[PDB]
């Protein structure tokens, strides 16, 4: 059975570590299971306030600093939003370049999330010291493609490095880890812990390569600097040598995704099959990404190769089109002035008003985004269900592979296990498309190196920029007046997932997902971390 204590009482986890930004989770636990939950975002910066009166061309540079983990994505959303507002259609080369940079970002972001943020909830690193490296190599040989990184010699080297570190008595980032001394919620054999730890270390090197690929096109990582109103600035990114280097680095990263990430994910999933019944939600939203036509937000929604859509009540038989007019944000349970509920983002208001820590009437700096009154999960699981439901052939193939390998029905994907698996699934699919996308741009660029369109700043206008960032549906909404920013509103995927209750007192996706969480050890509540981390929280993104 799933380990579960008899604990009744409150648990607070602050800080939630291994996320971006500052999150406090409060839960009530009864008889070892979470019965109620609150997601409390603990920092406000106020980028929307800062943007007022500024030059719309400047927006992307400020909004990019909403977050440095999903770097790029806000510069892309702001550029799309100003493009819409000035009514410019970007050249084909700029659509391709912008989308490739997004692809590169998905690869970096997901790899770092699984290994460096999430894996320590499932992998007991100190237990890796008990493994037989000969047995580990044998196991690695059966569960993953042959590679020298998985040899007994390579795994013994990792184990010896780890042993020297632990023996030093300075445990650094592992100090007071929930797994020290063993923990009933940690299920893996030591051999699997060793394999995963070896890959965690390799991933530290691989993410450098992923960022370098991204920088060939983006100028630098973090915080790219190649987008402009009407397209991109990076003419060098259309040329032969840079693109050859981009392809070579992307192939190395993809090889790691296919050799290490997916096989580790499946191995971990196989031991934690009980997590297929914990942490589910019901409604999913995506704006889509990787569109063949980015001339308008309508065309983006319609032509996204990772498709857009809305699923309600787990009903994969009915994927609805996204109604942008139906999005609004509530503030009833947030640290903003009363009066601000039910605002569509073109009418959005950001009037901060703090009360006190743990006030059940106002407990978060995130707004509560809702869709005709319903909370919506966004991100890899949303995209996966939507794509699977629409019969997108890559998602159909990869999802069925995972379901087959785990021997679980698709309904088991509505869970924390599924949310974790979906992040891997879509990483494999981005990898599968990289070469096609690169060759397409290489050819388009050889043809005609037009990269930026002509445009004129209007006196008064409005516009929306949509994107599906690594964590989900992202939108930036601008009102221009007197050729300046009159309003600028971000509604960000972590706002959808990790925001507080809406005006009707209805829990957000993370708050719902946490209901029913078993707690084996209330002193070391790893199960809370498992579900929270599965959403890949980004609090700087969510609050801005």
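Numbering follows the first chain given and starts at 1.
Student: Which of the two stretches, 181 to 189 or 402 to 410, shows the higher mean Cα temperature factor in the record?
Tutor: According to the PDB entry, the answer is 402 to 410.
Student: Got a sec? Mean C-alpha B-factor, which is higher, 122 to 130 or 280 to 288?
Tutor: For C-alpha atoms only, the mean B-factor is higher in 122 to 130.
Student: Per the coordinate record, which of the options 465, 424, 148, 222 holds the highest CA temperature factor?
Tutor: Reading the PDB entry, the winner on C-alpha B-factor is 148.
Student: Taking the Cα B-factors listed in the entry, which of 448, 329, 83, 377 comes out highest?
Tutor: Of the candidates given, the C-alpha B-factor peaks at 448.
Student: Among all modelled residues of this chain, ranked by Cα B factor, put residue 104 in the bottom, middle or top third, i.e. lowest, middle or highest.
Tutor: Lowest third, going by the recorded CA B-factors of the chain.
Student: Going by the entry, which third of its chain does the Cα temperature factor of residue 165 land in?
Tutor: Its C-alpha B-factor, which the entry lists for residue 165, ranks in the highest third among residues of this chain.
Student: Please rank the C-alpha B-factors of the chain's modelled residues and tell me whether residue 116 sits in the lowest, middle or highest third.
Tutor: Residue 116: CA B-factor falls in the lowest third of its chain.
Student: Ranking the modelled residues of this chain by C-alpha B-factor as given in the entry, is residue 383 in the lowest, middle or highest third?
Tutor: Lowest third - that is where residue 383 ends up once the chain's C-alpha B-factors are sorted.
Student: Could you look up the Cα B-factor of residue 211 in the entry and say which third of the chain it sits in: lowest, middle or highest?
Tutor: Tercile = middle for this residue's CA B-factor.
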